[PDB]
């Protein structure tokens, strides 16, 4: 461990080893600005921007005056590492520069309790993958039968689809049950009405840094230079609407009514101590997707559900990000192999995260096994799918020697349809 002059609870998501980036505003000042979480405080980077005197940031101090992290993400590794080094030094209990500047400290720090979080960046494009082998197998079994669970292409390329960028909202934003077209009865015409199979999907997502030129692929050996950091995500899904609409062009309205992400972007540098070797892949991937660099992470994920009448939330899923079959490097490389241009601020999601144990399935579709099994939510209540008033809260932590790297929370409450 190491320590900041700012007191940090040992169980805190935000010790000096984390230092995630976010966009916030306060009651006293409505302008969205860039900040870093430390303990129960937020360090305002627009206030201390002039302290970044290193080579990479000196000429670009204005990136900290922005209302989004896009420009900072676009700067690349050198700038990221320099910013992190400066912050760790500045927040160190041994450093006097900020610690002893009573006047500056007053203007630079704000309690997280007084802040309103905003989306961390302007997301140009959002892509959602389907990289959890257990998730894909479970869904495949439920809709195609065990014999035809995984389609022939799954084990050869990280399958994915373009999502809707506009409806990605920050943690805390209410999600309204969607209206749409469904076809419950195969022998009858479709009907218009409120979604009956509302579900959540536990995922993680990463932001793209520099990006590539239109027409130029990103070699897998260079992929790691384009990944800025991660956030938690809940890909809200209307299963019945999707089932009717999705053949043969894919998920559309069943996903676009809302997708929530946590507000604190945890930088890859903060996650490196928790890297583990990649899962063995068989069949072996084509050369362009082959890389030895370990890039699988040990991140404990928890999903809790709190009904409108419940006093305490119930943990309904405990999973881990290390259960993904395709790594982020393979996802980013595959995404640009045709020359598609990834841009700073773009968001690439992992896909629903499911482990082998039934308690680690990342969606209520899997947890209730297509509504055949009731999920015990405690105090005599059960669930198959989400009910109005239900609140889903996703959290994640990496456990190190004497500290934890957390993501804050990814929450949302379901509102009744119109």
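Residue numbers count along the first chain shown, from 1. Take the two forms, find the largest set of C-alpha atoms that superpose within 1.5 Å, and that set is the rigid core.
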When the rigid core is fixed in 4 other deposited structures of this protein, C-alphas move more for 86 to 94 or 334 to 342; answer is 86 to 94
Between 98 to 106 and 300 to 308, the one drifting more in C-alpha RMS in 4 other deposited structures of this protein once the core is aligned is 98 to 106
Of 350 to 358 and 48 to 56, the stretch with the higher mean C-alpha B-factor in the deposited entry is 48 to 56
Once average C-alpha B-factors are taken from the entry for 143 to 151 and 157 to 165, the winner is 143 to 151
The residue of 389, 32, 35, 380 with the maximal C-alpha B-factor according to the PDB record is 380
Top Cα B-factor in this entry, restricted to 317, 87, 119, 104, sits on 104
Sorting the chain's modelled residues by C-alpha B-factor and splitting them into thirds places residue 258 in the lowest
Binned into thirds over the chain's modelled residues, the C-alpha B-factor of residue 24 lands in the lowest
Here the Cα B-factor of residue 402, set against its chain, lands in the third termed highest
Residue 293: CA temperature factor from the record, placed by chain third, in the highest
Residue 312: C-alpha B-factor third of its chain, per the entry, is the highest
